[PDB]
Structure formats: C-alpha cells, structure tokens
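A.B. asks: Mind looking over this structure? Questions follow.
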Amino acid sequence: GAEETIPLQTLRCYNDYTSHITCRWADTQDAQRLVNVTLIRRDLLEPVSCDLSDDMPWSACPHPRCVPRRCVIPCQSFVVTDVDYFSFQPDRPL
Amino acid sequence: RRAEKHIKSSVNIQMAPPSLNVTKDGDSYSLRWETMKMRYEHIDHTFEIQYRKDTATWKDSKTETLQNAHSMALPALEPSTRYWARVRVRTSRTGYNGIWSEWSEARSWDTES
Amino acid sequence: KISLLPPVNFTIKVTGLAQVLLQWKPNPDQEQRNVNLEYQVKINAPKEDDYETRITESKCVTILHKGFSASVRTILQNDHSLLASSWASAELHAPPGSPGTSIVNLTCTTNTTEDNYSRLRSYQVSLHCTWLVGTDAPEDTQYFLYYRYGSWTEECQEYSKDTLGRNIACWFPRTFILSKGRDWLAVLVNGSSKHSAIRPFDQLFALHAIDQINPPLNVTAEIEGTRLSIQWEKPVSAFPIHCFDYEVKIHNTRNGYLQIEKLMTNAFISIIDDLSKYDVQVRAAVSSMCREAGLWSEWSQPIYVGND
Amino acid sequence: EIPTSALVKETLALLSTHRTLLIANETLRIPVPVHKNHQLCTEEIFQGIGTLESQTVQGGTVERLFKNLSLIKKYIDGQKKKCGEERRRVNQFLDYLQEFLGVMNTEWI
Amino acid sequence: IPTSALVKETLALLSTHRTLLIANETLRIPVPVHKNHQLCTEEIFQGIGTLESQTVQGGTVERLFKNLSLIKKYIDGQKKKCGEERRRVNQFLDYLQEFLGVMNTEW
Ligand SMILES: *[C@@H]1O[C@H](CO)[C@@H](O)[C@H](O)[C@H]1NC(C)=O
Ligand SMILES: *[C@@H]1O[C@H](CO)[C@@H](O)[C@H](O)[C@H]1NC(C)=O
Ligand SMILES: *[C@@H]1O[C@H](CO)[C@@H](O)[C@H](O)[C@H]1NC(C)=O
Ligand SMILES: *[C@@H]1O[C@H](CO)[C@@H](O)[C@H](O)[C@H]1NC(C)=O
Ligand SMILES: *[C@@H]1O[C@H](CO)[C@@H](O)[C@H](O)[C@H]1NC(C)=O
C-alpha cells in the first residue's frame, strides 16, 4: 500500500452543522524545511487558510517534533447529503 | 494517485458549547443549559453535565447523562461550600454522529449559610 | 396573423359543496392547425387564482356564499411570446336572502376515536361545529349544517338548541373524514324560514387547522433515588408513532420550579430533588414534518410523584 | 356501463374463478414487483395483464375478465393524464411538495 | 443516508427557502388535479426539474435541490424494482389481486 502522508493521518474535520467547519491536523518539522503544504477542500478546487495552533490535534502525532495547525471554514448551511473532500497539495512543485 | 480523506459533515458533528445558567429557587438549586439553534430542530441532543465541590477535582465530579433535556434540579448540597458545574452536548440521532462538544464555562455558586 | 379566438360555451355548474366544475369547448371557427392549443383560467372571486390547463375542464374548490366568477381564454405557447385570445368569463351569483341573517363564528373541531369494529379502518373522525345565530335572523330560523369531504356528502342530525328552538351547534359522531387525509373539508350551513330567507355560509376548513389531537394516555413516572423516568403512549390518531411532538411539564409543589421540555421521543428522563413532590403533564401534536402544524393537544391528567 | 368502484370486485371474483386456466403455462415468465405501496407499478401490472391475455385462450368468462381489466386500466390512465393536465403557480406547487414529503414521512418510511 | 432524515431536512429547507423559490411570478409547473402524490411523483419531479432549470443558481436553494435529486433517485429505484424480475405468473396474479384490493379500498 501507499504510506499515508502525516497531514492526512493527523487531519480531523468536524462540524457544528450551523455555520462553520473546524479542521485540525499536523505535519513534521523535518517536512517543513523542504516542501510546504496547503490544505485543499472541494465544485472546483478551493484552498483553505489555516493558523498555527498549539491546542494539540484531535489525533496524536507519530513524531516528537510535530507542528500542529488549526483551520476554520465558514459555510452557510449543511445537509445530510454532504461529503467533504480534503486533500493536501505541496505548494512548491517537486 | 492522490491520497484524499473523506469527511462527512453528518457523522462529524461537534456542536458549540452550551451556555449554563444557575437558578436559586426557594432553598434548592437547579441548572439550565441552552444550545445554539440548528437549522433543523429534529436532530437530538445528549447532554453530559458535571458538578463538583470546590475542594474536589473534576475526576470525582458527579456526572449525569440526559437526552434532549434542558434542566435538572440539584440534590441537597452541603452548606457554605462553593460549587462548580459545566455541560457538553453531542448529537444522538441515527444518521448524525460526532464527538462531544467542548466543556462549557464553569459556573460557581455559594450555598447559603 | 395567428389570431386566437375565445372559447365558447363556458359554464360553471355547482357539482357539490364548495366545488364548481368549469367546462369550455374549442371554438368551431378557429383555424384548425396542428398547433397544440392550451387554456388559461382565472378565478376572480372570492380567492383570486389562475392556472394553465390543457384539457377542457378543471375542478376548483372555493367558498360559494360570496359568489363565483371565473374567466378563461385560449392560449398558444410559442418559443418567445404567449399569445392569448379575448377573455371569456362566467359568474355564479350569490345566494338570496336578507343581509346579516347568515351564521357567524362557524368553528368546527374534529376528534379521533379508535374504531375497534372495522378491521379495515382503525380510526374514525368525529366533527363538532358551533356557530352563533344571525343578528337579523327571525326567531323561528331553522339552520341545517352540511359537511363534505372528498366525494362524501352528509347532513347533520344531532343538534344543539337554544330557548327559541333554533340550531346552535351540530355533532357528527361518525364522519367519512380521513384522519390522515389531506383534502379540504367543506362545511355549508343554510336554512329556511316562513318570514325571510337566510343566506348560507360555507367555509373550507383545512384538516390540520381544525384537528384537535387527543391528550396522550397512561403517563407513568417513577422515582429512583434522584432520577425520574417519564413515559406515555401516543395519542389516538391514524398518524403513526413517529409523527408526533410532545412536551413534559414538571412542577415542584414546594419551591415552584417549572420545566418545559419539548421532545420527539415518547419518554423523558430528568433529575429532581429526593425531598420534594412533583406533578407531570404532557401534551402532543402532529409534527409539522408530517402534516402542516395544527392545534395542540390539551394537557394530560396530572400525575403526582415523590413525597413532601 | 359500470362505474369505477365495482370493477375491482368484478375482476376479483372473475380472477378467483379461473386461476388454473390462467397459470397453465410453465415456461412463461413475467415480472412481479417486491416493494410495498403498489401505487407505482401499475404500468408493469398491466403489461403483465397484456402478456397474460396474449397467452391465455380468449373464451368464456376469461374474455369478459380481460375486457374488465382494460376498462379498469383506463381509469389509472386517466389519473396519470390528470397529473399533468393543469399547471399552477409556484406557491401551490411548493405546498404540493410539502404535502408530498409529509406523505413520504407518514407512509413510505 | 437515512431517507427519513433526508426527507425531513428537505421539508425543513423547503419551508425556510420558500420565497427564494417563488422569486419570480409567472412560471407554471405541472400540478396534478387530484391528491394522489404517489401516482404522479414522476410529474412532480419533472416540475422539480423545471424549477431547477429556472431558479437562482447558488445559495441554499441549489443545496436543497441536491436532496430533491437524491429523493428522485430513491423514487426511480423503487420504479425499477417493479420490473426486471421473475415469477411463475401465479404469484403475479396474487400481486394483481393485492393491488386491486389496495386501490379499491384505500383510494
Ligand atoms: C355550444 O353552444 C351552442 C349554443 O347555440 C350549441 O348550439 C352547441 O351545440 C354547443 N356546443 C358546441 C360544441 O358548439
Ligand atoms: C366572532 O368571532 C370573533 C373572534 O374573537 C368574536 O370577537 C366575535 O364576537 C364573534 N361574533 C359572534 C357573533 O359570536
Ligand atoms: C341546504 O344545503 C343543502 C345541500 O346539501 C340543500 O340540499 C338544501 O336544500 C339547503 N337548504 C335547506 C333548507 O336544507
Ligand atoms: C393504559 O393502562 C391500562 C391499564 O393497564 C390499559 O388497560 C390500557 O390499555 C393502557 N392504555 C391506554 C391507552 O389506556
Ligand atoms: C421569471 O422571472 C424573471 C425575472 O423577472 C422573468 O424575466 C421571467 O420571464 C420569469 N419566467 C417565467 C417563466 O415566468
């Protein structure tokens, strides 16, 4: 199989079903020095802004130098037929 | 292939923390909590509400689980000791699941002498 | 130029209580091209409405005490503009009688009872209609109430009387009104007299607006240390268990604390004092989810739990 | 001439009369629904009726049974035509949708 | 996806976003004369398709139309369950008598 990226493993997106989606994930300090990543949620593609958070991700991180982040996504409403696709895309190209 | 994670809004609901108010009726106390109104009123809510003495920790706090309720009376409390309480809420209807909301702000009250 | 011509033989015939069935026929002198003609109908009085109809007939429910007036015109739907002919109209007059003699405050209420005899229909709807006599009505006015639902029409037999012998209220103990039905219930109240005729009064009652949900029965509640559990049964109605809202009213007879909790389930669990007496009541109603919101059920009988 | 309320009783009696004359074939295979609320499979029902008439011998009570079947099919055809004869405003159609989904909730669970 | 919650949310949104659906005032939609919704769900959903073809494309109206489309998929599923199956004709006549009794009594 394909070893999942640490941002995907550490990602947990939850909802209040009224106005916003809260997402928390993490990466590795060794990963930041080579390739910066940005969360993308998708209509067409839509990058989502995030802010550094020290509140610890909802899932534990498998490295001792993990850097966690938190994201807030404002959308007007939710239905039961909603499936949200979250992916991580390297900013600079390899 | 691009590795993507599937997150469903229906089965990942984390509601806003409730607001807990304390009312002194007669010589007893009661706790009332309110939640942010959904666009749909048919999604059930389960509330876990804890109260503890000021000298005790939250691990030894009395916990009560209520479904779709918005108030309990509290039992006879020892006089002249500070009391704290708080509440969280989650969805409990089939087709809508999630993790517990964050603990509500602790509310304190002093029992009369 | 394509000049559409109005339909002819447009007549409005009263086919039942608070119905009129409109009919037209295409004009013989119209050019008979393969064009798919359609028709537009306008209800002018009393409730204004208009609709598009392909066939030469349409049934519209409406109150007939104020008279009826309808207009129809032949139309042809092109890709850019809607061509229409001259309007053709017909009207149904108001019934005769001196003004103010008609009834007022006609309020009709529908109950539901468990029909334990018929293996097909388990639930039965009973109708109670009340009204006040007219201001200028003669002392010997004889009012007769009629109700209709679907294609069923009936006349009342069990009435209520004042000191002068006139008819105030009626009670149908057995009606063909479907408990889960979602059609208009027409009620017509006309009468007769030897001094001056009385104008009728008909009114279309929505089933939801006039259906009084019964209170739920068997509301039990038990103390267990500090915990209360309250459960009951669905109220008698052809709607199933999942189509009812509820609230529970818990009052403390010692301090006065009162809790109202609306819920969709059939049981409620609460924590209260172990040194106080409590009373519990519940109400019910058909959810707006299943049927448009209606009148709420009355309070259930008090149940007294705990000790003081 | 018959109205549209006793044709069902007529058909039921006639069908109960002649079961074995109508299930004679073994290789003939025709569709049958499995879902409840039979309101939605009338077209398939009368398709099976037409195939059965095309196979069963037209003699005796069976002929009048199938004529009655056509006559009762005509009523559902008229109702299906009635579903699209009239066009109304948006608000009335939205109320119709509210009633439709209320039905979808009270039945059609 | 629980269809009960699906229809319930669809009705709640339909009540909420009504005025956006009557945004304009002249379009006509197929409306059955009678009150047998189940028989004419096909024409009802054709009218839904027309409203989809002519309405402000965005907001929560397009989000409600998603639930309506899924309900239409359910309706088409139990359309197709009628046919494309098998039987020895005897239980077909059983089914026919069942339908006859249903439409005689309940209608
Ligand atoms: C329409 O009304 C006229 C009245 O003169 C009548 O002769 C005719 O038979 C009616 N019907 C048609 C189809 O013209
Ligand atoms: C009719 O109903 C209204 C509703 O409040 C009431 O005020 C009025 O007095 C009633 N008229 C009669 C004659 O009962
Ligand atoms: C009242 O209305 C009924 C409708 O069924 C009608 O038959 C009757 O002649 C009218 N008048 C009286 C006095 O009943
Ligand atoms: C309530 O309890 C009584 C006694 O156990 C029982 O006979 C009855 O069927 C129950 N239900 C109702 C609706 O009365
Ligand atoms: C819908 O409303 C728009 C906005 O005014 C109008 O231009 C259009 O003609 C309307 N369409 C129909 C079919 O009524």
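Following Swiss-Prot, chain C shows residues 27-334, kept in their order.
Placed from the backbone N, Cα and C atoms, the Cβ positions cover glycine too.
The following feature annotations were taken from Swiss-Prot:
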DISULFID  C:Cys134-C:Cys155  disulfide bond
DISULFID  C:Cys182-C:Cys196  disulfide bond
DISULFID  C:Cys269-C:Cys316  disulfide bond
DOMAIN    C:32-123  domain 'Fibronectin type-III 1'
DOMAIN    C:241-334  domain 'Fibronectin type-III 2'
CARBOHYD  C:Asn35  N-linked glycosylation site
CARBOHYD  C:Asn131  N-linked glycosylation site
CARBOHYD  C:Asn216  N-linked glycosylation site
CARBOHYD  C:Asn244  N-linked glycosylation site
MOTIF     C:322-326  motif 'WSXWS motif'
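Distances, neighbours, how buried they are, the whole picture for these features please.
C.D. replies: In this structure, C:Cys155 (disulfide bond) is part of a beta strand by DSSP.
Taking Cβ-Cβ distances under 8 Å and a sequence gap of 6 or more within the same chain, the neighbours of C:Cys182 (disulfide bond) are C:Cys155, C:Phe170, C:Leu171, C:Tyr172, C:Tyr173, C:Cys196, C:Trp197, C:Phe198.
When secondary structure is read from DSSP and collapsed to three states, C:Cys269 (disulfide bond) falls in the coil class. For C:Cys269 (disulfide bond), the Cβ neighbour count at a 10 Å cut-off comes to 20, with all displayed protein chains included.
Secondary structure of the domain 'Fibronectin type-III 1' (C:32-123) per DSSP, as helix, strand and coil residue counts: 0 helix, 52 strand, 40 coil.
Note: C:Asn35 (N-linked glycosylation site) has non-local neighbours C:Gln49, C:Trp50, C:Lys51, i.e. same-chain residues 6+ apart with C-beta under 8 A of its own C-beta.
In the three-state DSSP assignment, the secondary structure recorded for C:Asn131 (N-linked glycosylation site) is strand.
DSSP assigns C:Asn216 (N-linked glycosylation site) to a strand in the three-state reduction. The number of other CB atoms found within 10 A of the CB of C:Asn216 (N-linked glycosylation site), across every protein chain shown, is 19.
Proximity of C:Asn244 (N-linked glycosylation site) to non-local residues of its own chain (separation of 6 or more, Cβ distance below 8 Å) is seen for C:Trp258, C:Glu259, given in sequence order.
Cβ atoms under 8 Å from those of the motif 'WSXWS motif' (C:322-326) belong to residues 238-243, 245, 258, 261, 275, 307-311 of the same chain, restricted to positions at least 6 beyond its ends.
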A.B. asks: At 10 angstroms around each C-beta, which of the disulfide-bonded residues C:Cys134, C:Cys155, C:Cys196, C:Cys316 has the fewest other C-beta atoms nearby?
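C.D. replies: Counting other Cβ atoms within 10 Å of each of the disulfide-bonded residues C:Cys134, C:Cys155, C:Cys196, C:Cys316, the minimum falls on C:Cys134.
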A.B. asks: Can you list which of these recorded positions (C:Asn131, C:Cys182, C:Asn216, C:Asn244, C:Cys269, C:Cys316) have a Cβ closer than 6 Å to ligand 4?
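C.D. replies: Listed by sequence, the hits are C:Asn244.
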A.B. asks: Measure from the CA atom of C:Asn216 (N-linked glycosylation site) to the CA atom of C:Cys316 (disulfide bond) and give the result in Å, rounded to a whole number.
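C.D. replies: Cα to Cα, C:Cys316 (disulfide bond) and C:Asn216 (N-linked glycosylation site) are separated by 35 Å.
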A.B. asks: Counting only residues 6+ apart in the same chain, whose Cβ is under 8 Å from the Cβ of C:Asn131 (N-linked glycosylation site)?
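C.D. replies: In sequence order, C:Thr156, C:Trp157, C:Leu158 meet the Cβ cut-off.
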A.B. asks: Hey, which of our recorded positions C:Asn35, C:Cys134, C:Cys196, C:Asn244, C:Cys269 end up with a Cβ under 8 Å from chain D?
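C.D. replies: Qualifying residues, whose Cβ lies under 8 Å from chain D: C:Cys269.
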A.B. asks: Out of C:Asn131, C:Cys134, C:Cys155, C:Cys196, C:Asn244, C:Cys316, which recorded positions lie by ligand 1, with a C-beta less than 6 Å from some atom of it?
C.D. replies: none
A.B. asks: Can you tell me which of C:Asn35, C:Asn131, C:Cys196, C:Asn244, C:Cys269, C:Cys316, our recorded positions, come within under 6 Å of ligand 3 at the Cβ?
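C.D. replies: Checking each Cβ against ligand 3, none of them comes under 6 Å.
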A.B. asks: Looking only at C-alpha atoms, tell me how far C:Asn216 (N-linked glycosylation site) is from C:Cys134 (disulfide bond), rounded to the nearest Å.
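C.D. replies: That separation, Cα to Cα, works out to 15 Å.
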A.B. asks: How many whole Å apart are the CA atoms of C:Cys269 (disulfide bond) and C:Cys134 (disulfide bond)?
C.D. replies: 23
